[PDB]
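Chemist: Provided hereafter are the protein sequence and its experimental coordinates.
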Amino acid sequence: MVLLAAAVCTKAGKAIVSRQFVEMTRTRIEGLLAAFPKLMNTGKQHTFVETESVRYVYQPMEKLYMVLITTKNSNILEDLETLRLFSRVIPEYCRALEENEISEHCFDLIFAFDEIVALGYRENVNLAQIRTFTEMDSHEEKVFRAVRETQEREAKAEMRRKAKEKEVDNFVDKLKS
Amino acid sequence: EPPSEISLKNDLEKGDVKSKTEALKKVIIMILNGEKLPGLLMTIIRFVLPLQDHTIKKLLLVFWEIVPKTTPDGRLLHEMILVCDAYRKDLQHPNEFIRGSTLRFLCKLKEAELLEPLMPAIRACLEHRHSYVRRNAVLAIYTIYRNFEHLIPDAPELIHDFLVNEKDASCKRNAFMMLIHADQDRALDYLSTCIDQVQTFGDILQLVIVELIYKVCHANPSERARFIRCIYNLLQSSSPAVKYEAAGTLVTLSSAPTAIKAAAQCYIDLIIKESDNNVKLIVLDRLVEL
Amino acid sequence: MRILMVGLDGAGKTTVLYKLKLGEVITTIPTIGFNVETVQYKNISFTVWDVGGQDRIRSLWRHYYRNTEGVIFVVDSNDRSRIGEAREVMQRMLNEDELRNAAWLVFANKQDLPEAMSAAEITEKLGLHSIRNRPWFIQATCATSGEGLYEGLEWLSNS
């Protein structure tokens, strides 16, 4: 993990959608987080705030915020890419932007979190390709036609049966000393 | 006397899957509250072992996952073993994505009577030429290691040998992450091996070692040279990530005036290069510590 | 129709099934659970629960207590063991009323596989001789044999 939740946010004091990598507690962790986020703490601007060693990572994208959270150190850029990246992905994933579309393609969207990121690891590239992996496959089909068919033959037949029946060193020395 | 639970039931017929989808969403929302009162279980039960609807299964499944399962019925609703056999098959499924997806789920999953021969089952699935599937096992296993590590007991080595068989960086990266959590030692042995090779390689896996090494010294040291030999190589350092860590780890390790200088430089340039201010501040903070 | 294959499945009770379904054989671990197939005839598509009569699974089938429409009893005709005992159980099916909504078939399977009883011998023995408020013609299979089955069945859906 490098993120116990990704929650995609809309301005509302409320985060439009979320997923809980790990359950234990109740929303109050998440619920409390939601509250704080909605409040924004009046704070003016800035796309990042970490407070109390918790990264609250966000990106306004419009009236929307996409949010990630973490507490101990990270390499920034990567991160950014993601926020941004989210901001690339959605109109594809759930269709454009307005909660509803997403409301219909919730399943798709959550699926995307997992898919995209396996526990804080940047899994791939290529969205379409990303579609590919599941509920879009190939193997299963290959297998099915042949198999189904084979069985079918047995069945058909059955129908009848039925039917009828240097450098290092510089350092090293210095140090060594 | 009658209820809309039933109203949903006919819809499902009416559409098939489609209607059911709707039902899932509703159910979901209903579920979302907590809320539901049972009975549809039966329906679900009835149609689903004989039905496909993959997506739906995925919805279903997930639903099961998020929702409880040690349900006041048991534990299980009590069928947690029987239905699974199809699923086990799916899990068996020659069909690799399908297994992988399951696996993904499975990493989320943790339902034991079902697991046991699925332990066998999984083992087979590891062999499948797909790194996606195999990788998925790495999470899954991780999931075991806390829940019922023991379930499998021979693993840390088994993995470690596995690594030997292995060569997909993605999977490797993972492999490390888990491996040290099981036991560092194996990683280390390998570490010894890898020492020269590292430089050639992709970062992500490299990172993970940096954490590990840290904890052990405060507890105890005497280990250096072998490391050093490498470490110096690491004093190439060049990705912004690498560099970011690389100076950071160094300080962790050392603070010799020479050390002080080395890291310092890295920063200074970095900064200079640097653009995201947020970042800039951060290092200060470290610095502030320093 | 809901058609029921019970007894402990893994014996090739399941074989019996897999043989129907793909032509194949038990290439599963011996199977406690629901095994499902739909077989279409009179286009009543018979949904077969091949379910082990192993402990829980026998014990617990209440959601499957609903209303029957077809009976296969898949038989170890080398079993001549749990059948009296079975008879003793079987009564409670008899004592079920859902259970009286099927014109059926007991299938004697596993004939080659060791031997079998008098078609009659069994008939009393499971307590089978005694019915009528459901039809009750008898049909032997084996699990490496069985034909004319379908005569049995023919009458049966067309009851």
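Modeler: It's in. Residues are numbered from 1 along each chain as shown, chains lettered A, B, ... in the order given.
Chemist: what residues does chain A put near chain C?
Modeler: For chain A, the contact set with chain C under Cβ under 8 Å from any Cβ of the partner chain comprises A:150-151, A:154, A:158, A:161-165. Just so you know, the C-beta spots here come from the backbone N, C-alpha and C atoms, and that holds for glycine as well.
Chemist: closest to residue B:242 among those residues?
Modeler: Relative to residue B:242, the closest of these is residue A:150; by Cβ to Cβ it sits at 53.9 Å.
Chemist: and the residue in chain C positioned nearest to chain B, which of the three is it?
Modeler: For chain C and chain B, the shortest gap (Cβ to the nearest Cβ) falls at residue C:33, measuring 3.0 Å. Reducing the assignment at residue C:33 to three states with DSSP: H, G, I helix; E, B strand; the rest coil gives coil.
Chemist: and it, what is it in contact with?
Modeler: By Cβ atoms under 8 Å, 6 or more residues apart in numbering or on different chains, the residues touching residue C:33 are B:79, B:81-85, C:51-52, C:57.
Chemist: for these, please prepare a markdown table with the additional fields secondary structure.
Modeler: What follows is those, written out as a markdown table (three-state DSSP):
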| residue | secondary structure |
| --- | --- |
| B:79 | coil |
| B:81 | coil |
| B:82 | coil |
| B:83 | coil |
| B:84 | helix |
| B:85 | helix |
| C:51 | coil |
| C:52 | coil |
| C:57 | helix |
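Chemist: of these, list those near chain A.
Modeler: Among the contacts of residue C:33, chain A is touched by none when using Cβ under 8 Å from any Cβ.
Chemist: list only buried entries from those.
Modeler: Buried subset of the contacts of residue C:33 (neighbour count, 16 or more other Cβ atoms under 10 Å in any protein chain shown): B:79, B:81-85, C:51-52, C:57.
Chemist: as TSV, those residues with distance to residue C:43 would be great.
Modeler: Compiled in TSV, the buried ones among the contacts of residue C:33 are given as follows (distance: Cβ to Cβ, whole Å):
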residue	distance to residue C:43
B:79	29
B:81	32
B:82	27
B:83	26
B:84	30
B:85	27
C:51	24
C:52	29
C:57	30
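Chemist: get me the contact residues on chain C for chain A.
Modeler: C:20-23, C:41, C:147-151, C:153.
Chemist: max pairwise distance over these: which two?
Modeler: The distance between the two most remote of the residues of chain C next to chain A (Cβ to Cβ) is 23.7 Å, for C:22 and C:151.
Chemist: looking at the two, which is more packed in?
Modeler: residue C:22 (18 against 13; other Cβ atoms under 10 Å in any protein chain shown).
Chemist: does the more buried one touch residue A:154 like I think?
Modeler: Yes. Using Cβ atoms under 8 Å, residue C:22 makes contact with residue A:154 at a distance of 6.2 Å.
Chemist: so residue B:222: helix, strand or coil?
Modeler: Following three-state DSSP, the label given to residue B:222 is coil.
Chemist: check residue C:39 too.
Modeler: The three-state label given to residue C:39 by three-state DSSP is strand.
Chemist: so what's the nearest residue to it once chain neighbours are set aside up against?
Modeler: In space, and not counting its chain neighbours, residue C:39 is closest to residue C:46: 4.9 Å by Cβ to Cβ, 6 or more residues apart in numbering or on different chains. Contact analysis of residue C:46 by Cβ under 8 Å, 6+ apart lists C:1-3, C:38-40, C:70.
Chemist: okay, now residue C:56: neighbour count?
Modeler: By other Cβ under 10 Å, neighbour count at residue C:56 equals 13.
Chemist: which strands and helices lie in contact with the helix or strand hosting it?
Modeler: For residue C:56, the host element (DSSP states H and E) is helix C:55-59. Using 3 or more Cβ pairs under 8 Å, 6 or more residues apart in numbering or on different chains; DSSP states H and E, no helix or strand is in contact with helix C:55-59.
Chemist: can you give me how far the helix or strand following that helix is from the chain middle?
Modeler: Per DSSP H and E, the first helix or strand lying C-terminal to helix C:55-59 is strand C:70-74. Centroid displacement of strand C:70-74 relative to its chain, using Cα atoms, centre = their mean, to the nearest Å, is 3 Å.
Chemist: who's in contact with strand C:70-74?
Modeler: C:1-7, C:13, C:16-17, C:46, C:48, C:50, C:102, C:104-107, C:109, C:126, C:141, C:143, C:156-157.
Chemist: neighbours of residue C:112, how many?
Modeler: Neighbour count of residue C:112, defined by other Cβ under 10 Å: 13.
Chemist: OK, contacts around the closest residue to it other than its chain neighbours?
Modeler: Leaving aside its sequence neighbours, residue C:112 sits nearest to residue C:144 (Cβ to Cβ, 6+ apart; 4.8 Å). For residue C:144, the contact set (Cβ under 8 Å, 6+ apart) comprises C:111-113.
Chemist: relative to residue C:114, how far out is residue C:144?
Modeler: For residue C:144, the distance to residue C:114 equals 12 Å [Cβ to Cβ, to the nearest Å].
Chemist: same question for residue B:171.
Modeler: 50 Å.
Chemist: what's the helix or strand where residue B:21 lies in contact with?
Modeler: According to DSSP H and E, residue B:21 maps onto helix B:17-33. Residues from elsewhere that reach helix B:17-33, judged by Cβ under 8 Å, 6+ apart: A:106, B:8, B:11-13, B:15, B:36, B:40, B:53, B:55-56, B:59-60, B:63, B:66-67.
Chemist: which residues in chain A form helices?
Modeler: Here chain A has its helices, by DSSP state H, at A:27-39, A:76-90, A:99-104, A:106-116, A:127-132, A:139-164, A:167-176.
Chemist: tell me which of the ones you listed lies nearest to residue B:144.
Modeler: Of all those, helix A:106-116 sits nearest to residue B:144, with 18.8 Å by Cβ to Cβ.
Chemist: look at residue B:138 and say how many residues are nearby.
Modeler: Look at residue B:138: counted by other Cβ under 10 Å, it has 24 neighbours.
Chemist: right, and it touches residue B:175 too?
Modeler: Yes. Between residue B:138 and residue B:175 there is a contact under Cβ under 8 Å: 6.4 Å.
Chemist: so what's residue B:81 up against?
Modeler: Contacts of residue B:81 (Cβ under 8 Å, 6+ apart): B:113-114, C:32-33.
Chemist: change it to 6 Å
Modeler: Neighbouring residues of residue B:81 by Cβ atoms under 6 Å, 6 or more residues apart in numbering or on different chains: B:113-114.
Chemist: for stretch B:167-181, buried residues please.
Modeler: B:170-180.
Chemist: which of those residues fall within helices?
Modeler: Mapping those onto helices (DSSP H) picks out B:170-180.
Chemist: residue of chain C closest to chain A, please.
Modeler: For chain C, Cβ to the nearest Cβ, closest residue to chain A: residue C:23, 3.9 Å.
Chemist: can you report how many residues neighbour the closest residue to that residue other than its chain neighbours?
Modeler: Leaving out its chain neighbours, the residue that sits closest to residue C:23 by Cβ to Cβ, 6+ apart is residue A:154, at 3.9 Å. Residues near residue A:154, counting by other Cβ under 10 Å, number 17.
Chemist: just checking, residue A:154 touches residue C:24?
Modeler: No. The criterion here is Cβ atoms under 6 Å, and residue A:154 misses it with residue C:24 at 8.6 Å.
Chemist: for chain A, give the residue positioned nearest to chain C.
Modeler: At 3.9 Å from chain C, residue A:154 is the closest residue in chain A, using Cβ to the nearest Cβ.
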